[PDB]
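Take a look at this single chain in structure tokens; it is the form deposited in one PDB entry.
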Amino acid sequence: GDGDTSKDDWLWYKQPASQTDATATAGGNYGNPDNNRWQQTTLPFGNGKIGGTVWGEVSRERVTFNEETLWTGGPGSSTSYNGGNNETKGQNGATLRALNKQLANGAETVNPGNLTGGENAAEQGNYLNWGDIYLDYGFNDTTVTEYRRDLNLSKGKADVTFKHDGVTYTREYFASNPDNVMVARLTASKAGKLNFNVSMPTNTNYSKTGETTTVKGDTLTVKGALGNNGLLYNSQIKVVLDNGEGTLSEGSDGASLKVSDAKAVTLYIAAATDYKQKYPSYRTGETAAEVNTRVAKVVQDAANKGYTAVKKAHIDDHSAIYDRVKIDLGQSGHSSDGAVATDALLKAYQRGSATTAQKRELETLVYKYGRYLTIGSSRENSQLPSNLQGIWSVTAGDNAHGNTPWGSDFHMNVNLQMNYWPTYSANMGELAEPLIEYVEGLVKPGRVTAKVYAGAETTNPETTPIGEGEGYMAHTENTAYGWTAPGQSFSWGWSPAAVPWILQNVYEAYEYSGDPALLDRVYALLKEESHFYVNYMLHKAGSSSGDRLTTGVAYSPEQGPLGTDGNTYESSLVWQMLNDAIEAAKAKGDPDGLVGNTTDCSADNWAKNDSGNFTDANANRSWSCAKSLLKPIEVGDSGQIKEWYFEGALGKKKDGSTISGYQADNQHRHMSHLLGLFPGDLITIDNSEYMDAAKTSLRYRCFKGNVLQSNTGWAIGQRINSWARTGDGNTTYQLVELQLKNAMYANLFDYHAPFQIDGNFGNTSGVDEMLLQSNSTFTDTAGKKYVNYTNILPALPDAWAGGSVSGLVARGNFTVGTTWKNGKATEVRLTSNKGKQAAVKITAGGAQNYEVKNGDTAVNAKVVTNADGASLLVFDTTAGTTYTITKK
């Protein structure tokens, strides 16, 4: 039994998916109404590896099915797979070198069009919908009463119930991480009334070799190999009748199992491929028989444990993570008097008829869903991080840019980053593990790309540890198979700062934990990528970009000239990487002596000969020196953050002429030059000069006249987080409102359109950043610095006058709870998990007005103040202790 579910968080609906509103914009690849219905109406669950999306149909029930490693492309997709790298284009770095020389000699722009790769869509591949589980009850009439379908976010399961011709039928679905198995629990209220056919057809749109569907005893097996690349796949459904009551027989089609005259059944569903994240073969080495044996043991082991035990272990595991964070903004819920279904709730929110409690319900549900979706798509033992769709998809085809939008891939120039923005602050740090492994997984294939396009060759690349090579390069479109080449067209295909950027998400695993094992891993990654940038990528700018190091030829997605002499986007990212790398080094005592200093530090130190080697072997090219020479931020003549170093007024060059390709209405969708504001620490509340300029930049991008503009997907996700960092909670909240009104389907999937999970994760992160920030550095008037200080309620919306949150995490590894009333903090609970010095700003109240206690015991806390009158409480902590901060 479920017991008391009154306090659980539910998405819920009074009708099946087929009857649920799917009228929002469908987007590319969703012209088929059935596929569009899937993305707008079905309810997801997963264990980080396998996933389902539940339709809740009355008679022909459907659970769309996924496994995270079902990927076309990679080795075996051609006779020459090499991660997309094109030697003729790269010329071992010569192409890039010559373009940079043109810029260094004074060109304002160049044509970087030859910097491409990745031409074969069959080699690139994409993520596939595996297929579907169908449970066909064979009802003559679909007419029912007492229908409900729900997703219980608290217990990590989907439910369906209805009454048909006097009989109540129930369904429950979950995917257990501990037991690595999907469970469907099916009941009828009257004995003999549970009758259904179970099948598991693979998606009919990808090519296959040697697929069979067979029944033996209580188990249905579908197995074969992908036609595109020979990847082996195997799924099994084991049907277990309660008390042996009922009859189990082979379906008349020979491709299904028939349950007759039963009352209750448990289905155990498992699936696997022979994928392995192992360069260059990307296979386990198992035979089809071995995969089959492995999957069979999963379902048998689960059945042996039994439904009650498997369910208990699942709910314990799921809730252990899910229940870490609680948030109370005054929301209604499914147990409230006059509770409204989630689709009805969304509609009311859109129409402006939702009550305050209902608005808070939708806002907190969407927030919580981002956490839920992390648990479902990204577990410690996932083989791959969440992709553009987490793990959930209905579309499939063999080739990239085919039947599935953007291949449901790893899009590493904002999207994958966004997937891992709430992971730490929302107390799910362990769930970043597959991202860390993925980025480690880019090193071997990326060393090939680094050699081809930048001339950075690692000798003995197989045995040279991460950190000790010459560099690894990867771009926007990535896959399960080390597709680290740039894409076929420069504008969208080339973006080597994607690696620096994703390294930010990786380094945050250390920032938020203080875990020395993570420190070693992130340091190794940062060491080699910093080596790569310092030695191969950076150059002294030509006259168009002033006196600084830049990253050479660069595009600012997705406006302006194709190739300028660096830009704010790339310089902000490289600056942040070197900053993180220096911090990682310092935390280890700089054993490699790479931090250096700014003594005899000049962009002239980067001088190279015709072959691309430094002419001065002994010049200072240390991380500190390189970082100091980027000068990534310049405020322009419109008080804006410059996007290009040749910029004067907004969208203009210093001579007043047009920046060709700049979107003249100032409302370009990308804000690539603001990554230093979010996620970075280049532009923070502690630097008014830069922050005022960033706010000006944001206003031009986000407003048409005086009206704040809606956006969708990654763009709205980015804007929410960016505005949160400014401290303007009202504008930030207004963007959350716009996301909910204009970028959420009935099942609360974020849309671009089509469905893109990035914005779901971006929402959760954005709410976190409104309530807690921990990325900035405070400087008191005596000059003392407090790095990564805990900032309570930095961008609290006036719309949320009172509330509480518990279980957020701040950098330095502090768990944070806060309660507020009339727009001001009444309590902060700060749990020090690692014993680091506490430094606490209370934006909504002023920390100087508060005092710190350990239970009843007064804690010595110094008040420090900066030049603008902002204060911190500074105090020692001990790991394991919670400190309570209240008004004096």
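Counting begins at 1, following the sequence as shown. In this text, the rigid core denotes the largest set of C-alpha atoms whose superposition between the two forms falls within 1.5 Å.
Below, we turn to the form deposited in another entry, even though it does not appear here.
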Original post:
Taking the rigid core as reference, which of 664, 191, 288, 801 is displaced at the C-alpha by at least 2 Å between this form and the one not shown?
Top reply: 664
**OP:** Would you say whether residue 347 is displaced between this form and the one not shown, judging by a C-alpha shift of 2 Å or more on the superposed rigid core?
**Re:** no
**OP:** Spell out whether the Cα of residue 655 moves at least 2 Å between this form and the one not shown when the two forms are superposed on their rigid core.
**Re:** yes
